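Structure data (mmCIF, N, CA and C atoms and all ligand atoms) from protein_28.cif:
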```cif
data_query
loop_
_atom_site.group_PDB
_atom_site.id
_atom_site.type_symbol
_atom_site.label_atom_id
_atom_site.label_comp_id
_atom_site.auth_asym_id
_atom_site.auth_seq_id
_atom_site.Cartn_x
_atom_site.Cartn_y
_atom_site.Cartn_z
ATOM 1 N N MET D 1 179.179 247.708 74.023
ATOM 2 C CA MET D 1 179.037 246.859 72.804
ATOM 3 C C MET D 1 177.900 247.392 71.916
ATOM 4 N N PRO D 2 178.241 248.268 70.993
ATOM 5 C CA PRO D 2 177.212 248.839 70.088
ATOM 6 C C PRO D 2 176.759 247.790 69.060
ATOM 7 N N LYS D 3 175.722 248.081 68.291
ATOM 8 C CA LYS D 3 175.219 247.108 67.260
ATOM 9 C C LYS D 3 174.752 245.797 67.922
ATOM 10 N N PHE D 4 173.663 245.220 67.448
ATOM 11 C CA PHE D 4 173.164 243.946 68.054
ATOM 12 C C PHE D 4 173.308 242.793 67.046
ATOM 13 N N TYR D 5 173.351 241.561 67.508
ATOM 14 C CA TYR D 5 173.500 240.413 66.562
ATOM 15 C C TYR D 5 172.544 239.271 66.948
ATOM 16 N N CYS D 6 171.932 238.615 65.979
ATOM 17 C CA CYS D 6 171.000 237.490 66.309
ATOM 18 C C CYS D 6 171.613 236.150 65.874
ATOM 19 N N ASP D 7 172.241 235.420 66.780
ATOM 20 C CA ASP D 7 172.852 234.094 66.385
ATOM 21 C C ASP D 7 171.810 233.209 65.668
ATOM 22 N N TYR D 8 170.556 233.265 66.076
ATOM 23 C CA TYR D 8 169.509 232.425 65.388
ATOM 24 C C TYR D 8 169.377 232.843 63.911
ATOM 25 N N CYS D 9 169.568 234.111 63.595
ATOM 26 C CA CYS D 9 169.447 234.554 62.164
ATOM 27 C C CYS D 9 170.825 234.708 61.479
ATOM 28 N N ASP D 10 171.934 234.512 62.181
ATOM 29 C CA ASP D 10 173.279 234.661 61.531
ATOM 30 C C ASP D 10 173.401 236.030 60.836
ATOM 31 N N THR D 11 172.865 237.079 61.429
ATOM 32 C CA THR D 11 172.964 238.429 60.796
ATOM 33 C C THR D 11 173.493 239.451 61.815
ATOM 34 N N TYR D 12 173.765 240.665 61.387
ATOM 35 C CA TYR D 12 174.281 241.690 62.341
ATOM 36 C C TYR D 12 173.369 242.929 62.331
ATOM 37 N N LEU D 13 172.606 243.154 63.385
ATOM 38 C CA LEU D 13 171.698 244.359 63.405
ATOM 39 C C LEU D 13 172.536 245.643 63.511
ATOM 40 N N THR D 14 171.999 246.773 63.090
ATOM 41 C CA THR D 14 172.788 248.050 63.170
ATOM 42 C C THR D 14 172.352 248.923 64.366
ATOM 43 N N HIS D 15 171.096 248.879 64.771
ATOM 44 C CA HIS D 15 170.655 249.721 65.928
ATOM 45 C C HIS D 15 170.302 248.832 67.130
ATOM 46 N N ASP D 16 171.207 248.677 68.077
ATOM 47 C CA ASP D 16 170.895 247.814 69.268
ATOM 48 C C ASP D 16 170.085 248.610 70.312
ATOM 49 N N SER D 17 168.836 248.906 70.021
ATOM 50 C CA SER D 17 167.995 249.671 70.992
ATOM 51 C C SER D 17 166.905 248.755 71.577
ATOM 52 N N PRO D 18 166.085 249.295 72.454
ATOM 53 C CA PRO D 18 165.008 248.482 73.074
ATOM 54 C C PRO D 18 163.874 248.190 72.070
ATOM 55 N N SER D 19 163.624 249.070 71.117
ATOM 56 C CA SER D 19 162.523 248.800 70.127
ATOM 57 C C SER D 19 163.078 248.032 68.916
ATOM 58 N N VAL D 20 164.255 248.384 68.436
ATOM 59 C CA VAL D 20 164.830 247.649 67.249
ATOM 60 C C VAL D 20 164.970 246.151 67.582
ATOM 61 N N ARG D 21 165.580 245.811 68.702
ATOM 62 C CA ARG D 21 165.729 244.350 69.056
ATOM 63 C C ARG D 21 164.343 243.690 69.114
ATOM 64 N N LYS D 22 163.410 244.260 69.852
ATOM 65 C CA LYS D 22 162.034 243.649 69.905
ATOM 66 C C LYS D 22 161.428 243.673 68.497
ATOM 67 N N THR D 23 161.611 244.759 67.756
ATOM 68 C CA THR D 23 161.062 244.806 66.350
ATOM 69 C C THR D 23 161.597 243.590 65.574
ATOM 70 N N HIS D 24 162.871 243.278 65.729
ATOM 71 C CA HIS D 24 163.431 242.073 65.026
ATOM 72 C C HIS D 24 162.709 240.809 65.536
ATOM 73 N N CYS D 25 162.364 240.758 66.811
ATOM 74 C CA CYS D 25 161.667 239.550 67.352
ATOM 75 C C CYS D 25 160.153 239.796 67.444
ATOM 76 N N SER D 26 159.550 240.368 66.422
ATOM 77 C CA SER D 26 158.079 240.619 66.470
ATOM 78 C C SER D 26 157.369 239.809 65.374
ATOM 79 N N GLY D 27 157.805 238.590 65.116
ATOM 80 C CA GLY D 27 157.148 237.772 64.060
ATOM 81 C C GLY D 27 157.105 236.302 64.493
ATOM 82 N N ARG D 28 155.943 235.679 64.468
ATOM 83 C CA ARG D 28 155.869 234.223 64.866
ATOM 84 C C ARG D 28 156.867 233.386 64.034
ATOM 85 N N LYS D 29 157.186 233.806 62.818
ATOM 86 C CA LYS D 29 158.158 233.009 61.986
ATOM 87 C C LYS D 29 159.526 232.911 62.685
ATOM 88 N N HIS D 30 159.935 233.920 63.443
ATOM 89 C CA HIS D 30 161.286 233.847 64.130
ATOM 90 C C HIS D 30 161.449 232.513 64.883
ATOM 91 N N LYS D 31 160.394 232.000 65.491
ATOM 92 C CA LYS D 31 160.527 230.688 66.223
ATOM 93 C C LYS D 31 160.921 229.591 65.225
ATOM 94 N N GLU D 32 160.150 229.401 64.169
ATOM 95 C CA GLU D 32 160.527 228.352 63.155
ATOM 96 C C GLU D 32 161.911 228.684 62.573
ATOM 97 N N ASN D 33 162.198 229.955 62.338
ATOM 98 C CA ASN D 33 163.551 230.330 61.784
ATOM 99 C C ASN D 33 164.667 229.791 62.698
ATOM 100 N N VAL D 34 164.470 229.806 64.007
ATOM 101 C CA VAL D 34 165.545 229.279 64.930
ATOM 102 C C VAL D 34 165.902 227.824 64.556
ATOM 103 N N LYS D 35 164.943 227.024 64.123
ATOM 104 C CA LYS D 35 165.273 225.598 63.740
ATOM 105 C C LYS D 35 166.421 225.582 62.719
ATOM 106 N N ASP D 36 166.403 226.484 61.758
ATOM 107 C CA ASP D 36 167.524 226.518 60.751
ATOM 108 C C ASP D 36 168.877 226.725 61.460
ATOM 109 N N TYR D 37 168.905 227.400 62.601
ATOM 110 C CA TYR D 37 170.220 227.611 63.305
ATOM 111 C C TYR D 37 170.724 226.288 63.903
ATOM 112 N N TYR D 38 169.909 225.595 64.678
ATOM 113 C CA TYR D 38 170.376 224.298 65.274
ATOM 114 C C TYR D 38 169.852 223.087 64.470
ATOM 115 N N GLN D 39 169.714 223.207 63.162
ATOM 116 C CA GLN D 39 169.227 222.030 62.356
ATOM 117 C C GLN D 39 170.381 221.047 62.104
ATOM 118 N N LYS D 40 171.576 221.542 61.861
ATOM 119 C CA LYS D 40 172.733 220.624 61.612
ATOM 120 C C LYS D 40 173.814 220.772 62.703
ATOM 121 N N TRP D 41 173.455 221.190 63.901
ATOM 122 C CA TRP D 41 174.498 221.346 64.985
ATOM 123 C C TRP D 41 175.253 220.020 65.193
ATOM 124 N N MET D 42 174.555 218.902 65.218
ATOM 125 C CA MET D 42 175.250 217.591 65.413
ATOM 126 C C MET D 42 174.449 216.448 64.763
ATOM 127 N N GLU D 43 173.855 216.681 63.605
ATOM 128 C CA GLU D 43 173.065 215.602 62.920
ATOM 129 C C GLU D 43 172.040 214.975 63.882
ATOM 130 N N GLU D 44 171.394 215.769 64.712
ATOM 131 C CA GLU D 44 170.391 215.202 65.662
ATOM 132 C C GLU D 44 169.221 216.183 65.851
ATOM 133 N N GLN D 45 168.397 215.981 66.861
ATOM 134 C CA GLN D 45 167.246 216.905 67.085
ATOM 135 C C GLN D 45 167.390 217.616 68.440
ATOM 136 N N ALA D 46 167.382 218.933 68.456
ATOM 137 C CA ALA D 46 167.522 219.669 69.749
ATOM 138 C C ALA D 46 166.416 220.728 69.882
ATOM 139 N N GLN D 47 165.211 220.332 70.248
ATOM 140 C CA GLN D 47 164.110 221.334 70.396
ATOM 141 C C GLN D 47 163.751 221.523 71.881
ATOM 142 N N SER D 48 164.725 221.479 72.768
ATOM 143 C CA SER D 48 164.430 221.666 74.223
ATOM 144 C C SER D 48 165.090 222.960 74.727
ATOM 145 N N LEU D 49 166.389 223.110 74.542
ATOM 146 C CA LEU D 49 167.072 224.369 75.015
ATOM 147 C C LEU D 49 166.464 225.626 74.351
ATOM 148 N N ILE D 50 165.816 225.503 73.201
ATOM 149 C CA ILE D 50 165.215 226.726 72.557
ATOM 150 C C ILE D 50 164.093 227.276 73.454
ATOM 151 N N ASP D 51 163.156 226.440 73.863
ATOM 152 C CA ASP D 51 162.037 226.938 74.744
ATOM 153 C C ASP D 51 162.607 227.599 76.014
ATOM 154 N N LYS D 52 163.656 227.042 76.589
ATOM 155 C CA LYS D 52 164.238 227.663 77.834
ATOM 156 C C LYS D 52 164.769 229.077 77.535
ATOM 157 N N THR D 53 165.331 229.304 76.363
ATOM 158 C CA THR D 53 165.856 230.678 76.043
ATOM 159 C C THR D 53 164.756 231.524 75.382
ATOM 160 N N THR D 54 163.945 230.940 74.520
ATOM 161 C CA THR D 54 162.853 231.747 73.862
ATOM 162 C C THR D 54 161.793 232.154 74.902
ATOM 163 N N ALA D 55 161.497 231.301 75.866
ATOM 164 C CA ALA D 55 160.469 231.671 76.897
ATOM 165 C C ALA D 55 161.146 232.350 78.097
ATOM 166 N N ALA D 56 162.264 231.824 78.562
ATOM 167 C CA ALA D 56 162.962 232.462 79.729
ATOM 168 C C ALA D 56 164.071 233.409 79.240
ATOM 169 N N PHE D 57 163.746 234.340 78.374
ATOM 170 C CA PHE D 57 164.792 235.295 77.870
ATOM 171 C C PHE D 57 164.832 236.550 78.755
ATOM 172 N N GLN D 58 163.725 237.257 78.886
ATOM 173 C CA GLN D 58 163.721 238.487 79.738
ATOM 174 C C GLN D 58 162.323 238.724 80.336
ATOM 175 N N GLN D 59 161.304 238.855 79.511
ATOM 176 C CA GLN D 59 159.930 239.087 80.049
ATOM 177 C C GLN D 59 158.943 238.076 79.437
ATOM 178 N N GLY D 60 159.069 236.808 79.769
ATOM 179 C CA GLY D 60 158.137 235.789 79.202
ATOM 180 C C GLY D 60 157.511 234.976 80.344
ATOM 181 N N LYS D 61 156.742 235.608 81.213
ATOM 182 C CA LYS D 61 156.103 234.864 82.350
ATOM 183 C C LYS D 61 157.157 234.086 83.150
HETATM 184 ZN ZN ZN B 1 166.619 236.774 64.629
#
```

As structure tokens - that is how I would like this structure written.
Ligand SMILES: [Zn+2]
Amino acid sequence: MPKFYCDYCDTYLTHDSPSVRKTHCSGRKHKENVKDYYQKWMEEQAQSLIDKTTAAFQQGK
């Protein structure tokens, strides 16, 4: 599966490498940006499953 995609940003990356993916996730704003993805999922508030995936993704303690 070439090319990478960020469901939180609704965009399609072109270089799915180990530095490009981390380069895309190298800004504290990316966390607040995720709220825009699940802001209207069901007219409610869902700020729990994000910490489980943002912290337990690959190398987060
Ligand atoms: Zn993103």

Within-9 Å residues of ligand ZN 1 (chain B), basis only C-alpha atoms and all ligand atoms, as a VMD selection string: chain D and resid 5 to 11 21 24 to 25 30 to 31 33 to 34

Close residues, residue 50 of chain D itself excluded, 12 Å, only C-alpha atoms, min 2 positions apart in chain, as a list in words: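 Near neighbours after the sequence-gap exclusion: residues 8, 30, 31, 32, 33, 34, 35, 37, 38, 39, 45, 46, 47, 48, 52, 53, 54, 55, 56 and 57 of chain D.
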
Chain D: residues DSSP assigns to strand (DSSP E), reported as an NGL selection string: :D and (5-6 or 11-12)

For the PyMOL selection byres (((chain D and resi 4) around 7) and not hetatm), applied here, can you spell out every residue it catches as a JSON list (two decimals) with N, CA and C atoms, in the coordinates of the input?
```json
[["chain", "number", "residue", "atom", "x", "y", "z"],
["D", 1, "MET", "N", 179.18, 247.71, 74.02],
["D", 1, "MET", "CA", 179.04, 246.86, 72.80],
["D", 1, "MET", "C", 177.90, 247.39, 71.92],
["D", 2, "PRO", "N", 178.24, 248.27, 70.99],
["D", 2, "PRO", "CA", 177.21, 248.84, 70.09],
["D", 2, "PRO", "C", 176.76, 247.79, 69.06],
["D", 3, "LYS", "N", 175.72, 248.08, 68.29],
["D", 3, "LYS", "CA", 175.22, 247.11, 67.26],
["D", 3, "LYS", "C", 174.75, 245.80, 67.92],
["D", 5, "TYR", "N", 173.35, 241.56, 67.51],
["D", 5, "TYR", "CA", 173.50, 240.41, 66.56],
["D", 5, "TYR", "C", 172.54, 239.27, 66.95],
["D", 6, "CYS", "N", 171.93, 238.62, 65.98],
["D", 6, "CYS", "CA", 171.00, 237.49, 66.31],
["D", 6, "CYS", "C", 171.61, 236.15, 65.87],
["D", 11, "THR", "N", 172.86, 237.08, 61.43],
["D", 11, "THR", "CA", 172.96, 238.43, 60.80],
["D", 11, "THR", "C", 173.49, 239.45, 61.82],
["D", 12, "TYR", "N", 173.76, 240.66, 61.39],
["D", 12, "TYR", "CA", 174.28, 241.69, 62.34],
["D", 12, "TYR", "C", 173.37, 242.93, 62.33],
["D", 13, "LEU", "N", 172.61, 243.15, 63.38],
["D", 13, "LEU", "CA", 171.70, 244.36, 63.40],
["D", 13, "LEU", "C", 172.54, 245.64, 63.51],
["D", 14, "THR", "N", 172.00, 246.77, 63.09],
["D", 14, "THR", "CA", 172.79, 248.05, 63.17],
["D", 14, "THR", "C", 172.35, 248.92, 64.37],
["D", 15, "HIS", "N", 171.10, 248.88, 64.77],
["D", 15, "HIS", "CA", 170.66, 249.72, 65.93],
["D", 15, "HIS", "C", 170.30, 248.83, 67.13],
["D", 16, "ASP", "N", 171.21, 248.68, 68.08],
["D", 16, "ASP", "CA", 170.90, 247.81, 69.27],
["D", 16, "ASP", "C", 170.08, 248.61, 70.31],
["D", 17, "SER", "N", 168.84, 248.91, 70.02],
["D", 17, "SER", "CA", 168.00, 249.67, 70.99],
["D", 17, "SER", "C", 166.90, 248.76, 71.58]]
```

So that I can check the secondary structure, give me every residue of chain D assigned alpha helix (DSSP H) by backbone DSSP, as number ranges by chain. D: 18-24, 29-37, 49-55

Go ahead and dump the residues you just picked, N, CA and C atoms, as a PDB file, in the coordinates of the input.
```pdb
ATOM      1  N   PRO D  18     166.085 249.295  72.454  1.00  0.00           N
ATOM      2  CA  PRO D  18     165.008 248.482  73.074  1.00  0.00           C
ATOM      3  C   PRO D  18     163.874 248.190  72.070  1.00  0.00           C
ATOM      4  N   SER D  19     163.624 249.070  71.117  1.00  0.00           N
ATOM      5  CA  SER D  19     162.523 248.800  70.127  1.00  0.00           C
ATOM      6  C   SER D  19     163.078 248.032  68.916  1.00  0.00           C
ATOM      7  N   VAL D  20     164.255 248.384  68.436  1.00  0.00           N
ATOM      8  CA  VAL D  20     164.830 247.649  67.249  1.00  0.00           C
ATOM      9  C   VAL D  20     164.970 246.151  67.582  1.00  0.00           C
ATOM     10  N   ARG D  21     165.580 245.811  68.702  1.00  0.00           N
ATOM     11  CA  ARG D  21     165.729 244.350  69.056  1.00  0.00           C
ATOM     12  C   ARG D  21     164.343 243.690  69.114  1.00  0.00           C
ATOM     13  N   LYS D  22     163.410 244.260  69.852  1.00  0.00           N
ATOM     14  CA  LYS D  22     162.034 243.649  69.905  1.00  0.00           C
ATOM     15  C   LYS D  22     161.428 243.673  68.497  1.00  0.00           C
ATOM     16  N   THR D  23     161.611 244.759  67.756  1.00  0.00           N
ATOM     17  CA  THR D  23     161.062 244.806  66.350  1.00  0.00           C
ATOM     18  C   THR D  23     161.597 243.590  65.574  1.00  0.00           C
ATOM     19  N   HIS D  24     162.871 243.278  65.729  1.00  0.00           N
ATOM     20  CA  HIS D  24     163.431 242.073  65.026  1.00  0.00           C
ATOM     21  C   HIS D  24     162.709 240.809  65.536  1.00  0.00           C
ATOM     22  N   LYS D  29     157.186 233.806  62.818  1.00  0.00           N
ATOM     23  CA  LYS D  29     158.158 233.009  61.986  1.00  0.00           C
ATOM     24  C   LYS D  29     159.526 232.911  62.685  1.00  0.00           C
ATOM     25  N   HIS D  30     159.935 233.920  63.443  1.00  0.00           N
ATOM     26  CA  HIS D  30     161.286 233.847  64.130  1.00  0.00           C
ATOM     27  C   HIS D  30     161.449 232.513  64.883  1.00  0.00           C
ATOM     28  N   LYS D  31     160.394 232.000  65.491  1.00  0.00           N
ATOM     29  CA  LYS D  31     160.527 230.688  66.223  1.00  0.00           C
ATOM     30  C   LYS D  31     160.921 229.591  65.225  1.00  0.00           C
ATOM     31  N   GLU D  32     160.150 229.401  64.169  1.00  0.00           N
ATOM     32  CA  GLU D  32     160.527 228.352  63.155  1.00  0.00           C
ATOM     33  C   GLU D  32     161.911 228.684  62.573  1.00  0.00           C
ATOM     34  N   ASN D  33     162.198 229.955  62.338  1.00  0.00           N
ATOM     35  CA  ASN D  33     163.551 230.330  61.784  1.00  0.00           C
ATOM     36  C   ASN D  33     164.667 229.791  62.698  1.00  0.00           C
ATOM     37  N   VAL D  34     164.470 229.806  64.007  1.00  0.00           N
ATOM     38  CA  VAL D  34     165.545 229.279  64.930  1.00  0.00           C
ATOM     39  C   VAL D  34     165.902 227.824  64.556  1.00  0.00           C
ATOM     40  N   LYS D  35     164.943 227.024  64.123  1.00  0.00           N
ATOM     41  CA  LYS D  35     165.273 225.598  63.740  1.00  0.00           C
ATOM     42  C   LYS D  35     166.421 225.582  62.719  1.00  0.00           C
ATOM     43  N   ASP D  36     166.403 226.484  61.758  1.00  0.00           N
ATOM     44  CA  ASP D  36     167.524 226.518  60.751  1.00  0.00           C
ATOM     45  C   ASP D  36     168.877 226.725  61.460  1.00  0.00           C
ATOM     46  N   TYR D  37     168.905 227.400  62.601  1.00  0.00           N
ATOM     47  CA  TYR D  37     170.220 227.611  63.305  1.00  0.00           C
ATOM     48  C   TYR D  37     170.724 226.288  63.903  1.00  0.00           C
ATOM     49  N   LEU D  49     166.389 223.110  74.542  1.00  0.00           N
ATOM     50  CA  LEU D  49     167.072 224.369  75.015  1.00  0.00           C
ATOM     51  C   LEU D  49     166.464 225.626  74.351  1.00  0.00           C
ATOM     52  N   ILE D  50     165.816 225.503  73.201  1.00  0.00           N
ATOM     53  CA  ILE D  50     165.215 226.726  72.557  1.00  0.00           C
ATOM     54  C   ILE D  50     164.093 227.276  73.454  1.00  0.00           C
ATOM     55  N   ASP D  51     163.156 226.440  73.863  1.00  0.00           N
ATOM     56  CA  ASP D  51     162.037 226.938  74.744  1.00  0.00           C
ATOM     57  C   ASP D  51     162.607 227.599  76.014  1.00  0.00           C
ATOM     58  N   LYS D  52     163.656 227.042  76.589  1.00  0.00           N
ATOM     59  CA  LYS D  52     164.238 227.663  77.834  1.00  0.00           C
ATOM     60  C   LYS D  52     164.769 229.077  77.535  1.00  0.00           C
ATOM     61  N   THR D  53     165.331 229.304  76.363  1.00  0.00           N
ATOM     62  CA  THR D  53     165.856 230.678  76.043  1.00  0.00           C
ATOM     63  C   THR D  53     164.756 231.524  75.382  1.00  0.00           C
ATOM     64  N   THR D  54     163.945 230.940  74.520  1.00  0.00           N
ATOM     65  CA  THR D  54     162.853 231.747  73.862  1.00  0.00           C
ATOM     66  C   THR D  54     161.793 232.154  74.902  1.00  0.00           C
ATOM     67  N   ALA D  55     161.497 231.301  75.866  1.00  0.00           N
ATOM     68  CA  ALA D  55     160.469 231.671  76.897  1.00  0.00           C
ATOM     69  C   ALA D  55     161.146 232.350  78.097  1.00  0.00           C
TER      70      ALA D  55
END
```

A straight line from atom CA of residue 59 of chain D to atom CA of residue 40 of chain D spans 29.1 Å
